[PDB]
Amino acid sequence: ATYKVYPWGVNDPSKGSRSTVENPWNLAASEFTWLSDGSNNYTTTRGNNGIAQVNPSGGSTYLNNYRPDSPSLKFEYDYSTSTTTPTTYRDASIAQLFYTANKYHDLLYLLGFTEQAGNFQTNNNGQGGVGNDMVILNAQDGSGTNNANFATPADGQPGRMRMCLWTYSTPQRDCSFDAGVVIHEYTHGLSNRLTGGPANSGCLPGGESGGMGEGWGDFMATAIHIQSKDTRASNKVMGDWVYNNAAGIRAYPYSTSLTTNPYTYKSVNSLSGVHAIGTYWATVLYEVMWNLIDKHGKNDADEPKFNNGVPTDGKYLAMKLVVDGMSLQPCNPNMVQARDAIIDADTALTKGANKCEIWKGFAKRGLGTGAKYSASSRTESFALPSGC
């Protein structure tokens, strides 16, 4: 089986070129491949982890929406950034969306988002949790433009991703091809399933918890696209291609310079809406990640190496600690509790080997030892534990 796609690590069409990749699944995470659920084999963008289609109606059903009928298993379709009519590259759009989401399924699986952790699969093959909940992957969704979204029911009911056309450019830009946005949306399914465990999807409804909900997706997309040359001095934005602005969709770049990005926990008292709040959260995680990378290095490959169950590099270690923290934090968590869950995740995973790297990043942006949450009147702190 082949896919002609912008491969994993190329965020969007302005940053790379398409090529044909063969059998891109990781069999540890997709034992049936992406094209089977163990009982049925498919000749389209359908299998254990997801089903992809266009949804021009904007409706809530999916099985009978259009997807390419390709018994060749060569999911190689025409695409050009000059094309004005997005339906003429719907096959490519669907295939790219299927590719990116399945790759991310596989990576998250390796970081611990398995069947027993409440992940999204039709068949869990005796490994725990509840199946029948592959992701419904809607490309060119007619419910709107200039946005994307993800609905996460409890374990056993499929997640639903809606990817829309964006119309701040001519030609319009199809966000199926903006991997970071795909990753951001899928991460809503990750954080909603893990937080409060897989049966509770009401744990990140709004306010500060919902803000972290936005931040986690931006962080995961950012971390995945860190480049060989990058250092803590690199600044990163979100969605700059599909949105057609070099600033991306958030108010500041993800940066370790407090000049480039000034947000601290106190700033959240003045921020309005979950995306603004999440911009602060993703900046804190960015700080922590660079502390871990500066300590452990970074692995530019598409999957981590593990030493005694622990990612060997700071990039995937950061991702793993963030994922693990979601399983330890309370339902409806605030950022102080989510900080503590990440520290506790490191205690469990590494016996506390990264305590001070984590605290330094949180403290630097006001989530130090003295921080206190309030919906309107948070208290910030830049103080560190004595051990640090």
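All residue numbers are counted from 1 along the displayed sequence.
318 to 326 versus 333 to 341: which one carries the higher mean Cα B factor per the record?
Averaging CA B-factors over each stretch, the winner is 333 to 341.
If you average the Cα B factors in the entry, which is higher, 270 to 278 or 155 to 163?
The deposited B-factors put 270 to 278 ahead on the C-alpha mean.
Return the residue from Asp91, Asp300, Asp141, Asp178 that has the highest Cα B-factor in the entry.
Answer for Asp91, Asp300, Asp141, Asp178: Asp300, with the highest C-alpha B-factor.
Report the option among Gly128, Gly112, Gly215, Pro205 whose CA atom has the maximum B-factor in the deposited record.
Each of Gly128, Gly112, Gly215, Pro205 was compared by C-alpha B-factor; the highest is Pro205.
Would you check the entry's CA temperature factor for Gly309 and let me know if it's in the chain's lowest, middle or highest third?
Tercile = highest for this residue's CA B-factor.
Where does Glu380 sit by CA temperature factor within its chain: lowest, middle or highest third?
Top third by C-alpha B-factor.
When the modelled residues of the chain are sorted by Cα temperature factor, does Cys356 land in the lowest, middle or highest third?
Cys356: CA B-factor falls in the highest third of its chain.
Per the entry's values, where does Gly16 land by CA temperature factor relative to the rest of its chain, in the lowest, middle or highest third?
Tercile = lowest for this residue's CA B-factor.
Would you mind ranking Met289 by its C-alpha B-factor against the rest of the chain and naming the third, lowest, middle or highest?
Within its chain, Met289 is a middle-third residue by C-alpha B-factor, going by the deposited values.
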